[PDB]
Amino acid sequence: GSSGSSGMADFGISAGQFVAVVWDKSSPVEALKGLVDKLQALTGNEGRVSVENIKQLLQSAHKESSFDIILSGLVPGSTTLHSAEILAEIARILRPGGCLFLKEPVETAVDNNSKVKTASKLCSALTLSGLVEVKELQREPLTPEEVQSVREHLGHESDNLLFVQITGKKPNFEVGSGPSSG
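If you're matching positions, the sequence shown starts at 1 in the deposited numbering and goes up one per residue.
Right, here's the structure in full:
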């Protein structure tokens, strides 16, 4: 029976690992200024918080297993859709024995034109992209900003919406061809 505490419903990061925060052309600047201070306290000096761009991540792909926990779509006042190319890229940067954190919205309103995926597909997207043990953790209502942002920038005019955070772990099966030998 270890003393202290075992668990964390806030994040779960230790000193030594590298944390990243991807943002899109929409998220404010103030919220981002404090979002780093929160993670900086967890990493301290051993760890480091590196902020990258979702649009640049494709043009400038990072090495494999370079990061441990990369936050994707977790910035206040930010509504962007993720594709297989993005979810697949984030999985490559993440380590084989780490954790992933993503938060994408879900639509369930009867309309003539569909754009946003469903809750089920949102979870399966990570399971098919290249993750294991993918399951919904929790969900939180929308904010006065996110509700208008979806209509301001994107312009969908969606009234019925809901945010759902789903985590995804990295498996251990990528034995292709040609071992790394320099």
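We treat Cβ as the ideally placed atom computed from N, Cα and C, and that holds for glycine.
In the three-state scheme derived from DSSP, where H, G and I count as helix and E and B as strand, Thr127 is classed as helix. Rounded to the nearest whole angstrom, the C-alpha separation of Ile13 and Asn112 is 43 Å.
If you look at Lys33, you'll find it in the alpha helix (DSSP H) that goes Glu30 to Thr43. According to the DSSP assignment, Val116 belongs to no alpha helix (DSSP H), since it is labelled neither H nor E. Sixteen is the threshold: since fewer than 16 other Cβ atoms of the shown chains lie within 10 Å of the Cβ of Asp37, the residue is exposed. From the listed residues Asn45, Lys33, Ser27 and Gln40, the smallest Cα separation to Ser72 is found for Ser27. By the Cβ criterion, the region 136-150 is not in contact with the region 85-99, since fewer than three pairs of Cβ atoms, one from each stretch, lie closer than 8 Å. Measuring C-alpha to C-alpha distances from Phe18 to each of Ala61, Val49, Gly155 and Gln165 identifies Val49 as the nearest. It is roughly 14 Å from the alpha-carbon of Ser120 to the alpha-carbon of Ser129.
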